[PDB]
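Report on the structure
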Amino acid sequence: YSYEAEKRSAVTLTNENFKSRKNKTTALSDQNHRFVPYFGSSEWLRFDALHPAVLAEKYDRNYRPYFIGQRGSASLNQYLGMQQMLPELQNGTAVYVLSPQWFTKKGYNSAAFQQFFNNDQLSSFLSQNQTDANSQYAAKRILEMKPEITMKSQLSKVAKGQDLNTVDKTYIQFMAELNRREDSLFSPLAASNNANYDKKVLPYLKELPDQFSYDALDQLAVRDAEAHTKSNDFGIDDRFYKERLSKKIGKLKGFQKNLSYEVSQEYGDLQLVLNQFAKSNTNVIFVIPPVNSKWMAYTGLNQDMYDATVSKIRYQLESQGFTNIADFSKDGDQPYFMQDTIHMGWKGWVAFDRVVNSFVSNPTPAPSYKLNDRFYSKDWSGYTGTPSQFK
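Residues numbered from 1 in each chain as written, not as in the entry; some residues may be left out. Heavy atoms only, no water.

- Structure determination for this PDB entry was carried out by X-ray crystallography, with a resolution of 2.96 Å recorded in the header.

**Description of the layout of surface pockets**
- Here the largest pocket defines a volume of roughly 1,400 Å³.
- Forming the boundary of the largest pocket are 44 residues, of which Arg-46, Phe-240, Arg-244, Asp-340 and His-343 lie nearest the centre.
- Here the lining of the largest pocket gets 6 residues from one element, more than from any other, and that element is helix 14 (residues 238-245).
- By residue class, the composition of the lining of the largest pocket is 17 nonpolar, 12 polar and 15 charged.
- In this structure, the second largest pocket occupies an estimated 380 Å³ of space.
- Residue assignment for the lining of the second largest pocket shows that the elements contributing at least two residues are helix 3 (21-29), strand 1 (35-39) and helix 6 (86-89). (1 Å grid on protein atoms, 1.4 Å probe; cavity = no way out; pocket = protein on both sides within 12 Å on 5 of 7 lines; lining within 4 Å. Points joined across faces, edges and corners; volume = space filled by probe spheres on them. Helix = DSSP H or I, 4+ residues; strand = E, 2+ residues; numbered from the N terminus. Nonpolar A, V, L, I, M, F, W, Y, C, P; charged D, E, K, R; others polar.)

**A word on the sheet that holds strand 2 (residues 64-68)**
- What the 5 strands build is an open sheet, ordered 2-1-3-4-5; its pairing is parallel. A strand with exactly one partner marks an edge of an open sheet, and here the two such strands are strand 2 and strand 5 (325-327). Direction aside, neighbouring strands of the sheet carry axes that sit 20° apart on average.
- Looking at chain direction, strand 3 (residues 93-97) and strand 4 (residues 283-288) are connected through 5 bridges and run parallel. The partner of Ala-94 across the bridge, within strand 4, is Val-284.
- Helix 3 contacts strand 1 and strand 2 of the sheet and is inclined by roughly 160° relative to strand 2.
- Of the strands in this sheet, strand 1, strand 3, strand 4 and strand 5 are in contact with helix 19 (residues 347-361), which crosses strand 4 at around 175°. (Pairing = 2+ DSSP bridges. Axes fitted to C-alpha atoms, helices over the stretch in contact; angles between N-to-C directions. Contact = heavy atoms within 4.5 Å.)

**Looking at the side chain of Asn-118**
- Residue position: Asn-118 is located in the loop between helix 7 (110-114) and helix 8 (119-127).
- For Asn-118, a relative accessible area of 17% puts it in the buried group.
- With residues near it in sequence (within four places) discarded, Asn-118 still touches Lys-19 and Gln-84. (Buried < 20%, exposed > 50% of the residue type's maximum accessible area, 1.4 Å probe, protein only.)

**Regarding unusual backbone geometry**
- The backbone phi angle of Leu-13 is positive, close to 65°, even though this residue is not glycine.
- Position of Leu-13 among the secondary structure elements: in the loop between helix 1 (3-9) and helix 2 (15-18).
- Its identity is not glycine, yet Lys-391 carries a phi of approximately 25°, on the positive side.
- Looking at where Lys-391 falls in the secondary structure, it is placed in the segment after helix 20 (378-382).

**Notes on the nonpolar core**
- In this structure, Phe-39, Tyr-96, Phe-125, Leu-155, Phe-277 and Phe-286 are the most contacted members of the largest nonpolar core, which totals 66 residues.
- Per-element tally for this core: the top contributor is helix 16 (residues 266-279), with 7 residues.
- If we skip the residues at most four places from it in the chain, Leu-155 touches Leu-122, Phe-125, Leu-126, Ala-139, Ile-142, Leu-143, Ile-149 and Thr-150.
- Among the nonpolar cores identified, the runner-up in size contains 40 residues, and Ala-53, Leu-217, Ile-285 and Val-360 belong to it. (Core = buried A, V, L, I, M, F, W, Y, C linked by side-chain atoms within 4.5 Å.)

**Concerning the packing of aromatic side chains**
- If you walk through the whole model with that rule in mind, you get 36 aromatic pairs.
- An angle of 90° between the planes, with centres 5.7 Å apart, marks the rings of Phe-286 and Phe-322 as edge-to-face. With a gap of 36 residues between them, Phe-286 in strand 4 and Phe-322 in the loop between helix 18 (303-318) and strand 5 connect regions that are remote in the sequence. Side by side, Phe-286 and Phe-322 carry an identical accessibility label, which is buried.
- A network of ring pairs unites the aromatic residues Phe-39, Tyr-96, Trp-102, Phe-277, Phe-286, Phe-322 and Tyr-369 as a single cluster.
- A cation sits over an aromatic face here: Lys-312 above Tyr-267, 3.8 Å from the ring centre.
- Above the plane of the ring of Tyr-214 lies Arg-354, whose end atom (NZ or CZ) is 4.2 Å from the centre. (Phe/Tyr/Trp six-rings, centres within 6.5 Å; stacked < 30°, edge-to-face > 60°. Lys NZ or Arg CZ within 6 Å of the ring centre and 35° of its normal.)

The structure is reproduced here in C-alpha cells:
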C-alpha cells in the first residue's frame, strides 16, 4: 500500500486514528512490511531517542510498532477497538501495557469512554453473537458507560444472556455493513497522519549509534535524560514539569496517601482483552510499568499497594496462560527509568527494549490458555486477599 503512509500512521496517536478500522487493519495486514500492535495509553507519546519507534527504524528490525492507545484508553475501549481488527490478531503477536493508574475504583469518565468507542466497534461486537459470560459482561459495561445508546434493546438482550432474534441479527449486520463503509469513507480525512513520525521519530536517528550496543544506548539515555531534567529534583522532563506540575506542586504533596489500585472494574475489563487474545490465539507480552519512586514519596503513593495491585494483575494473567510479562513495577528508583511521573522513558525505554524486542523480533506460537469466567465477577473486582486463594 504505502510503507511511509503506514509508518506515519503507526505513531500518529490520535483518538480518531484509534477507532479508524481502515488505518490499523491496513498497517496490520501489509504482507511486505510487518507491523506489530502495541496497545497502551499515553505512554507512547513520550518520544525520545530510545522510544521503540525510533529503535525499530534505526536498526531496521523485522517489524515496526504500530501504536494503539491514548490517555484514557483502558481495556474496555481496547477490547472494543480490537473488535475492528479481529483478523489482524489471529495467531499474531502483540504488546499490551497494563497501566496501573487504570485500576481505580470509579475508573474513567464517560467522556473518555466516548472518545475511543464508536458504532463500528459496537456493531462488530454484536455481530459476533456468542451468549457467553464475556459477551454478557461486555454489554453490561457498555450500558454502564453509555446508557443512552443506539441498539439498546440488543445490548440488553446480550447483557442478560439471551439469544438475538432473527430480526436483531439482520439489523445488526446491516448497521455493521454501513459502519464499515463509513469508516472506509471518512478515515482518509477524519483519520489523517500526524507530523509525529517526521518531527518526533526521524530526527532522533541522528543520535543513535550506527552499530547496536545496549551500553551505548544506555549512555545516550543518561546524557539526554540529564539534558532534559535540570528544572527539578524528581528527574521529570522539563516540559512536563512546567506544564503539569510546577504551578500546583505544593498542593500536590501527600495527595495519594490513601489512593489504591486494588479495587477496580478494570480487572473485568482486562478479562475482556484476555478472552479476545485467547479466542484469537494471540501471543502477547504484558508490560507493567512502575512509578517514579521519588514522586511516589512526595505524593504518598504507597509502593506496597502498587505491589499488591501488580500481584493481582499477574495472578489473573499467569493463572490463565498469559505468562509473557515484562514486569518493571519495582524499577521506579533507577535513575532515569521514567521520563515523567508515571511514564517510562530514556533508560526505561532501553529496559523496555531488552525484553520486548526479543519477544517481538522472534515470534512464537501462543501457548494454550485456560480462561476463567470468575474474573468478570464483582467479587474479583473487589477481592483483596491473597490472589492464590480466590476459587
